[PDB]
$ cat work.csv   # CSV, C-alpha atoms
chain,number,residue,atom,x,y,z
A,1,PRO,CA,11.5,21.1,-28.5
A,2,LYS,CA,10.2,21.2,-32.2
A,3,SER,CA,11.1,24.0,-34.6
A,4,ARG,CA,11.1,24.6,-38.5
A,5,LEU,CA,13.9,25.7,-40.9
A,6,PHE,CA,13.2,26.6,-44.6
A,7,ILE,CA,15.8,26.7,-47.4
A,8,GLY,CA,15.8,27.6,-51.2
A,9,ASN,CA,18.5,27.5,-53.9
A,10,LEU,CA,21.2,25.8,-51.5
A,11,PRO,CA,19.8,22.1,-51.2
A,12,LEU,CA,20.0,21.5,-55.0
A,13,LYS,CA,23.3,19.5,-54.7
A,14,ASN,CA,22.6,15.9,-53.4
A,15,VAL,CA,21.6,15.7,-49.7
A,16,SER,CA,20.6,13.1,-47.1
A,17,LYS,CA,20.0,13.4,-43.3
A,18,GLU,CA,23.7,13.1,-42.3
A,19,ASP,CA,24.9,15.8,-44.8
A,20,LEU,CA,22.5,18.5,-43.3
A,21,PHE,CA,23.1,17.0,-39.8
A,22,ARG,CA,26.9,17.5,-39.9
A,23,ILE,CA,26.9,20.9,-41.7
A,24,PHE,CA,24.3,22.3,-39.1
A,25,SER,CA,25.4,20.3,-36.0
A,26,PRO,CA,27.6,23.2,-34.5
A,27,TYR,CA,25.0,25.8,-35.5
A,28,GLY,CA,21.9,24.2,-34.1
A,29,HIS,CA,20.3,21.2,-32.2
A,30,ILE,CA,18.3,19.6,-35.2
A,31,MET,CA,15.3,17.0,-35.3
A,32,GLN,CA,14.1,15.6,-38.7
A,33,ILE,CA,14.2,16.1,-42.5
A,34,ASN,CA,11.7,16.9,-45.4
A,35,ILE,CA,13.4,17.9,-48.7
A,36,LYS,CA,11.9,18.3,-52.2
A,37,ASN,CA,12.4,20.5,-55.4
A,38,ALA,CA,14.8,23.5,-55.6
A,39,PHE,CA,14.0,23.9,-51.8
A,40,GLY,CA,14.3,21.9,-48.5
A,41,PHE,CA,12.6,21.8,-45.1
A,42,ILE,CA,14.2,20.6,-41.8
A,43,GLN,CA,12.6,20.4,-38.4
A,44,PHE,CA,14.9,21.4,-35.6
A,45,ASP,CA,15.3,21.6,-31.8
A,46,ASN,CA,15.2,25.2,-30.5
A,47,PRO,CA,14.3,28.2,-32.8
A,48,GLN,CA,17.5,30.3,-31.9
A,49,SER,CA,19.4,27.2,-33.3
A,50,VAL,CA,17.2,27.4,-36.5
A,51,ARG,CA,18.1,31.1,-37.1
A,52,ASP,CA,21.9,30.5,-36.3
A,53,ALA,CA,21.8,27.6,-38.8
A,54,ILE,CA,20.4,29.5,-41.9
A,55,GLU,CA,21.8,33.0,-41.0
A,56,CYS,CA,25.4,31.7,-40.5
A,57,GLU,CA,25.5,28.8,-43.0
A,58,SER,CA,23.2,30.3,-45.8
A,59,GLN,CA,22.9,34.1,-45.4
A,60,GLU,CA,21.6,36.5,-42.7
A,61,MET,CA,19.1,38.1,-45.2
A,62,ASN,CA,16.9,36.7,-48.1
A,63,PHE,CA,17.1,37.8,-51.8
A,64,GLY,CA,14.2,37.3,-54.3
A,65,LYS,CA,14.7,34.4,-56.8
A,66,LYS,CA,18.4,34.1,-55.6
A,67,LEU,CA,18.5,32.9,-52.0
A,68,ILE,CA,15.5,32.1,-49.8
A,69,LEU,CA,15.3,31.1,-46.1
A,70,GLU,CA,12.9,31.2,-43.1
A,71,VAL,CA,12.9,30.7,-39.3
A,72,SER,CA,9.7,29.2,-37.9
A,73,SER,CA,8.5,28.0,-34.4
A,74,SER,CA,5.4,26.2,-33.1
A,75,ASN,CA,3.5,25.8,-29.8
A,76,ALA,CA,4.8,22.9,-27.5
A,77,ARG,CA,2.7,19.7,-26.9
$ encode --input "work.csv" --output "structure tokens"
Amino acid sequence: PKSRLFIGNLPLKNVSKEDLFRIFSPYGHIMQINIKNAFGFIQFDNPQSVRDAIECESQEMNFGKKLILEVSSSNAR
């Protein structure tokens, strides 16, 4: 499937597709990248795999102007 992962304040160190692929590979099933600014977006396979990625690698709760994440899904086809 397709799915959507959002990150703030973590992807500020240098990153390319393999870096996020290997750090998230055991947490979730992954698809494609889109990173810019003090933030980064990654499309994934499966939305449970999205929430296990940012809630176990980043943090299981957000904090204003300090650590931001989001889980997001979409309709198939």
$ atom_distance --input "work.csv" --atom1 "atom CA of residue 74 of chain A" --atom2 "atom CA of residue 4 of chain A"
8.0 Å
$ closest_residue --input "work.csv" --among "A:9, A:14, A:3, A:62" --to "residue 49 of chain A" --atoms "only C-alpha atoms"
A:3
$ atom_distance --input "work.csv" --atom1 "atom CA of residue 10 of chain A" --atom2 "atom CA of residue 31 of chain A"
19.4 Å
$ closest_residue --input "work.csv" --among "A:45, A:70, A:57, A:52" --to "residue 23 of chain A" --atoms "all atoms listed in the file"
A:57
$ closest_residue --input "work.csv" --among "A:75, A:11, A:53, A:5" --to "residue 25 of chain A" --atoms "all atoms listed in the file"
A:53
$ residues_around --input "work.csv" --residues "residue 16 of chain A" --least-positions-apart "6" --cutoff "10 Å" --atoms "all atoms listed in the file" --output "MDAnalysis selection string"
chainID A and resid 33:35
$ atom_distance --input "work.csv" --atom1 "atom CA of residue 73 of chain A" --atom2 "atom CA of residue 46 of chain A"
8.2 Å
$ build_atoms --input "work.csv" --residues "segment 14-27 of chain A" --atoms "N, CA, C and O atoms" --output "PDB file, in the coordinates of the input"
ATOM      1  N   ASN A  14      23.095  17.083 -54.148  1.00  0.00           N
ATOM      2  CA  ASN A  14      22.600  15.900 -53.400  1.00  0.00           C
ATOM      3  C   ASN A  14      22.764  15.988 -51.924  1.00  0.00           C
ATOM      4  O   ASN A  14      23.805  16.418 -51.421  1.00  0.00           O
ATOM      5  N   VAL A  15      21.715  15.602 -51.196  1.00  0.00           N
ATOM      6  CA  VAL A  15      21.600  15.700 -49.700  1.00  0.00           C
ATOM      7  C   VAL A  15      20.842  14.546 -49.138  1.00  0.00           C
ATOM      8  O   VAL A  15      19.829  14.098 -49.680  1.00  0.00           O
ATOM      9  N   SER A  16      21.309  14.064 -47.992  1.00  0.00           N
ATOM     10  CA  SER A  16      20.600  13.100 -47.100  1.00  0.00           C
ATOM     11  C   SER A  16      20.761  13.566 -45.668  1.00  0.00           C
ATOM     12  O   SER A  16      21.451  14.554 -45.395  1.00  0.00           O
ATOM     13  N   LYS A  17      20.083  12.905 -44.719  1.00  0.00           N
ATOM     14  CA  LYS A  17      20.000  13.400 -43.300  1.00  0.00           C
ATOM     15  C   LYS A  17      21.344  13.665 -42.671  1.00  0.00           C
ATOM     16  O   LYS A  17      21.464  14.674 -41.988  1.00  0.00           O
ATOM     17  N   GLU A  18      22.372  12.854 -42.923  1.00  0.00           N
ATOM     18  CA  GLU A  18      23.700  13.100 -42.300  1.00  0.00           C
ATOM     19  C   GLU A  18      24.410  14.323 -42.859  1.00  0.00           C
ATOM     20  O   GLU A  18      25.108  14.993 -42.101  1.00  0.00           O
ATOM     21  N   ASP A  19      24.221  14.677 -44.134  1.00  0.00           N
ATOM     22  CA  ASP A  19      24.900  15.800 -44.800  1.00  0.00           C
ATOM     23  C   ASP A  19      24.415  17.141 -44.080  1.00  0.00           C
ATOM     24  O   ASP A  19      25.228  17.912 -43.570  1.00  0.00           O
ATOM     25  N   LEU A  20      23.098  17.346 -44.003  1.00  0.00           N
ATOM     26  CA  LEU A  20      22.500  18.500 -43.300  1.00  0.00           C
ATOM     27  C   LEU A  20      22.756  18.399 -41.782  1.00  0.00           C
ATOM     28  O   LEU A  20      22.980  19.424 -41.139  1.00  0.00           O
ATOM     29  N   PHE A  21      22.792  17.193 -41.203  1.00  0.00           N
ATOM     30  CA  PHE A  21      23.100  17.000 -39.800  1.00  0.00           C
ATOM     31  C   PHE A  21      24.507  17.495 -39.452  1.00  0.00           C
ATOM     32  O   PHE A  21      24.662  18.257 -38.500  1.00  0.00           O
ATOM     33  N   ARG A  22      25.539  17.121 -40.220  1.00  0.00           N
ATOM     34  CA  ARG A  22      26.900  17.500 -39.900  1.00  0.00           C
ATOM     35  C   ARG A  22      27.236  18.969 -40.290  1.00  0.00           C
ATOM     36  O   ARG A  22      27.956  19.630 -39.539  1.00  0.00           O
ATOM     37  N   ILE A  23      26.650  19.511 -41.366  1.00  0.00           N
ATOM     38  CA  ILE A  23      26.900  20.900 -41.700  1.00  0.00           C
ATOM     39  C   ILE A  23      26.115  21.893 -40.785  1.00  0.00           C
ATOM     40  O   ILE A  23      26.604  23.004 -40.592  1.00  0.00           O
ATOM     41  N   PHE A  24      25.008  21.478 -40.146  1.00  0.00           N
ATOM     42  CA  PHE A  24      24.300  22.300 -39.100  1.00  0.00           C
ATOM     43  C   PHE A  24      24.594  21.939 -37.676  1.00  0.00           C
ATOM     44  O   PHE A  24      24.321  22.775 -36.819  1.00  0.00           O
ATOM     45  N   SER A  25      25.181  20.778 -37.352  1.00  0.00           N
ATOM     46  CA  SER A  25      25.400  20.300 -36.000  1.00  0.00           C
ATOM     47  C   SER A  25      26.027  21.386 -35.020  1.00  0.00           C
ATOM     48  O   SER A  25      25.478  21.565 -33.933  1.00  0.00           O
ATOM     49  N   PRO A  26      27.093  22.131 -35.375  1.00  0.00           N
ATOM     50  CA  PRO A  26      27.600  23.200 -34.500  1.00  0.00           C
ATOM     51  C   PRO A  26      26.778  24.440 -34.427  1.00  0.00           C
ATOM     52  O   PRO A  26      26.923  25.230 -33.496  1.00  0.00           O
ATOM     53  N   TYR A  27      25.893  24.665 -35.400  1.00  0.00           N
ATOM     54  CA  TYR A  27      25.000  25.800 -35.500  1.00  0.00           C
ATOM     55  C   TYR A  27      23.712  25.676 -34.715  1.00  0.00           C
ATOM     56  O   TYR A  27      23.206  26.649 -34.150  1.00  0.00           O
TER      57      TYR A  27
END
